[PDB]
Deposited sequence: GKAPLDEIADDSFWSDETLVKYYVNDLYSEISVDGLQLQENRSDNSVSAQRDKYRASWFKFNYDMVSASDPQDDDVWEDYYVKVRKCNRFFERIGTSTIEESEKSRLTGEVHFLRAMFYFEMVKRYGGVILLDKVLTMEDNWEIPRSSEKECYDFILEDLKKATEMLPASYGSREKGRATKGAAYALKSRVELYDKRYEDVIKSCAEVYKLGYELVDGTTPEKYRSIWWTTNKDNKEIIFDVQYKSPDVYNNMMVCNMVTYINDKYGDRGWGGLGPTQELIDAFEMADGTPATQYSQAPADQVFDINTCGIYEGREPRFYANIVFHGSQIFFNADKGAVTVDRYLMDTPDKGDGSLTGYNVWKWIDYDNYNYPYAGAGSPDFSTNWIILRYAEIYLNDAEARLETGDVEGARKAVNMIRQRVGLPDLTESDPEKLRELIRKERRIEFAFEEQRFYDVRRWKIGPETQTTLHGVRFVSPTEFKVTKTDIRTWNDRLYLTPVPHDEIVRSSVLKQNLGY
């Protein structure tokens, strides 16, 4: 909890190695939700833990959160500690005897990190308490929340300072640090979240000049390779973290891995994310044609996986993201590829089996990894910022600006890279939905859907009755209801924890809580 300098002697900020270790500690404060609870609080997923952790984790889905049970994932509590560690750096770096150029670059990294930490809070609660110094007894602690606009201004001023102080690239040893590109890329998302469209376009223009390149995704394997640990050096990654959780209970891969693969491997997995029939329906055919829609099918209707072509002829991102009945995974594991069976094996009736009939692929390296048996690190390459987002943030801001042709050109870059034909749509209202739909498919299971629904204000449309599939034979299935969700507009903001509000007279709760 305490900043790193509290462990050392009254000569820490002079030592370049200790100051470099302090910044490493700040990077170590980047948190990854292995359980992807926000995604499971969106129309993209129904958790395999829907029933097991209903009251603990998914009260949002039924508008049952309150200030007393906020289910904020302790972001308010945790992220102010992270911010405190940044503010300390900023307080003590001035007196540092380190070289001006190195001191400047490190300060830039802390600006990027502080911006990133505040953005995690702002995207949830809206306006927060803005702190640029480490509070002491000398300070007044009854500090009100600033406006959301002020908070977005604070984040963006930190990212402006970051773009001015960070390098575009690093040497072999320092690869993984924040770049000029990472700062501009985060800036464009923060600006898009606050509807600063003229600014988004400018930020995107900067990233286009920094030599990033979209990985070829004309095959499912090719697209999935963005997330491969053996491809961690590709030109699409702008900012990432190799997340290797200590415990099996919080390990991002094991938590979202198919459970009943125990005919060849084991039941070490927890199922985790359960892609919905609504998301499956949104994946287009390889030629840019819509697929058959199954979500609104009557429950007594039986389909044959081979007569209907439910999992046949889809665009590469479908096979890249979705583990479905008959999917082959773990090709380069001992014993080779295992075929996923929703009829006999991974069933909703079994504990931690998929309730939707689907599991996530994407950042799970089923292509290269071996099965995580107990005996004899299963990290995830969590890509916080990808080059694909620059195009989609640009497409979104360009449309809202009136540049329909620029928007079309930008979103068609994302479609071109998966062999999808170009969008032709000239109507702004129709083109907006097409961009939004592309964003959903592009960034599925990348912790964005929940904030896209929130910022686009499409909660009533998405938090409804969600569906999945259930197999009645090795070849046949029925469409099922997987979650009966509801909505209230207060859910456009996360409640501030009750104990925090009662602590301060000036601290005000979000509307509806």
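ask   = Can you list the gaps, numbered from 1 on the deposited sequence, where no C-alpha is modelled?
value = Counting from residue 1, the stretches without coordinates are 1, 378 to 380.
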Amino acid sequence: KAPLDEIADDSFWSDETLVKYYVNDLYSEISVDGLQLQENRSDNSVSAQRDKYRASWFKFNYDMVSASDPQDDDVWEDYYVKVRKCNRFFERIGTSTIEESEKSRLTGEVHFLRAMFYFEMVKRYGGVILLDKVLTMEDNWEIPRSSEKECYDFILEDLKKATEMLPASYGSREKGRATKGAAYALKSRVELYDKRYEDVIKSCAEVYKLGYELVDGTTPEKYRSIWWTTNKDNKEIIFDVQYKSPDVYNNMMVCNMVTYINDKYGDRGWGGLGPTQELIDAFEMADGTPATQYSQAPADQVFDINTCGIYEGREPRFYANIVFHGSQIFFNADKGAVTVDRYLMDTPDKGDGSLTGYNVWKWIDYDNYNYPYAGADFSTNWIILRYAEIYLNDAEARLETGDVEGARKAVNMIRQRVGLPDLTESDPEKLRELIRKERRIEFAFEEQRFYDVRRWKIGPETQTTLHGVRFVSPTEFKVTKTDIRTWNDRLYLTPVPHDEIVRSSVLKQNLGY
From here on, numbers count along this sequence of modelled residues.
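key: Of 9 to 17 and 494 to 502, the stretch whose C-alpha atoms average the higher B-factor in the entry   = Per the PDB record, 9 to 17.
query = Can you tell me which stretch has the higher mean Cα B-factor, 89 to 97 or 201 to 209?
reply = According to the PDB entry, the answer is 89 to 97.
message = Between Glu396, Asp233, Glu442, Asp194, which one tops the list for Cα B-factor in this entry?
response = Of the options given, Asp233 has the highest CA B-factor in the PDB entry.
Options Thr475, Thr462, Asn61, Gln38 - largest CA temperature factor per the record = Answer for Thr475, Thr462, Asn61, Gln38: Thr475, with the highest C-alpha B-factor.
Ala388, C-alpha B-factor rank within chain (lowest, middle or highest third) = Lowest third, going by the recorded CA B-factors of the chain.
request  = Comparing against every modelled residue in the chain, figure out the third that the C-alpha B-factor of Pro144 lands in (lowest, middle or highest).
outcome  = Lowest third - that is where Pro144 ends up once the chain's C-alpha B-factors are sorted.
task = Would you check the entry's CA temperature factor for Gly419 and let me know if it's in the chain's lowest, middle or highest third?
result = Tercile = middle for this residue's CA B-factor.
request  = Using the B-factor values recorded in the entry, state whether the Cα atom of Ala2 falls in the lowest, middle or highest third among the modelled residues of its chain.
outcome  = Highest third of the chain for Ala2's C-alpha B-factor.
Record-listed C-alpha B factor of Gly217: chain third = Middle third - that is where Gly217 ends up once the chain's C-alpha B-factors are sorted.
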